[PDB]
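Asker: Please find the sequence and an experimentally derived structure below.
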Amino acid sequence: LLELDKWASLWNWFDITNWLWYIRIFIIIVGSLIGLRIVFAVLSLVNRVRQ
Amino acid sequence: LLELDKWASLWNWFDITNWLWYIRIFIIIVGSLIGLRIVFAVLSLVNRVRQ
Amino acid sequence: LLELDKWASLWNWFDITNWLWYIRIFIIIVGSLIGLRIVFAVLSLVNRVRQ
Ligand SMILES: Nc1c2c([n+](CCCCCCCCCC[n+]3c4c(c(N)c5ccccc53)CCC4)c3ccccc13)CCC2
Ligand SMILES: Nc1c2c([n+](CCCCCCCCCC[n+]3c4c(c(N)c5ccccc53)CCC4)c3ccccc13)CCC2
Ligand SMILES: Nc1c2c([n+](CCCCCCCCCC[n+]3c4c(c(N)c5ccccc53)CCC4)c3ccccc13)CCC2
């Protein structure tokens, strides 16, 4: 079941341990990833005449 | 608050437990979604033929 | 580790708690945010008709 001992016990093989409480930092990075996309839209204007 | 007894209470309908579990995986799905969106640019090009 | 004492005790300043139960939700908000990006493609070309 869910308990303090279970969280500390998960430290045996490290793989789920790191991914369980360090994903949130990576989460913020995935946000701005959509923001940068907007500059891309100007390329559509050039897509008609091509490079 | 939350504890061993609190989580086990949701084991009968576990409706919310399904959502409160695996959320991390869902974000990963939304990570590849942003790249796929780029292909949509082709949709705009044909707007020149329509009204 | 984790315990109902750590969560409730955290309510003394509630400063980090706000960051612990608001940013998680922000992910879902960022979902629709990426879908909204598509209109930009149309808006990119519309500039040739309107300033
Ligand atoms: N030697 C091993 C063991 C185990 N693994 C499986 C993974 C065990 C670690 C993850 C445990 C996380 C528990 C929390 C997840 N969790 C949460 C919540 C619930 N309501 C949950 C309900 C049921 C289960 C988990 C829940 C609500 C919020 C979270 C191994 C895997 C690889 C190698 C060796 C392993 C299992 C036993 C031995
Ligand atoms: N898979 C994991 C999970 C979890 N954990 C525990 C995460 C706990 C985060 C809070 C730590 C900062 C506390 C700041 C609050 N806090 C405290 C105190 C003060 N005097 C403060 C003063 C000012 C501000 C805050 C203060 C005194 C005592 C606390 C893991 C830990 C390691 C590895 C894997 C983990 C949890 C779920 C999964
Ligand atoms: N017929 C039903 C009954 C009951 N249920 C249970 C109600 C749901 C309880 C969920 C517990 C949430 C606790 C959140 C604690 N928690 C956490 C974190 C924070 N940052 C927090 C900040 C503030 C407060 C709590 C916090 C960060 C991590 C946790 C049902 C549920 C679904 C369907 C039918 C149900 C009960 C009786 C009948």
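Answerer: Received, thanks. Residues are numbered from 1 along each chain as shown, chains lettered A, B, ... in the order given. Ligands and ions are numbered 1, 2, ... in the order given.

Asker: Could you look up the SS state of whichever residue of chain A sits closest to chain B?
Answerer: Using C-beta to the nearest C-beta, the closest approach of chain A to chain B is made by residue A:2 at 4.1 Å. (C-beta placed from N, C-alpha, C; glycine too.) Recorded secondary structure, residue A:2: coil (DSSP: H, G, I helix; E, B strand; the rest coil).

Asker: Tell me who's in contact with it.
Answerer: B:2, B:3, B:4, B:6, B:7, B:8 (C-beta atoms under 8 Å, 6 or more residues apart in numbering or on different chains).

Asker: same question, residue A:27
Answerer: Taking C-beta under 8 Å, 6+ apart, we find residue A:27 in contact with B:27, C:23, C:27.

Asker: which SSE is residue A:29 in?
Answerer: Using DSSP states H and E, residue A:29 falls within helix A:15-40.

Asker: sorry, back to before: mind checking how far the residue of chain A closest to chain B is from ligand 1?
Answerer: Residue A:2 is 5 Å from ligand 1, where distance means C-beta to the nearest ligand atom, to the nearest Å.

Asker: swap in residue A:23?
Answerer: Using C-beta to the nearest ligand atom, residue A:23 is found at 13 Å from ligand 1.

Asker: before we move on, what about residue A:39?
Answerer: Noted for residue A:39: a distance of 39 Å to ligand 1, by C-beta to the nearest ligand atom.

Asker: Contacts only, for that residue.
Answerer: By C-beta under 8 Å, 6+ apart, residue A:39 has no neighbours at all.

Asker: Around chain C, pick out the residues from chain A.
Answerer: A:4, A:7-8, A:24, A:27-28, A:30-31, A:34, A:37-38, A:41-42, A:44-45 (C-beta under 8 Å from any C-beta of the partner chain).
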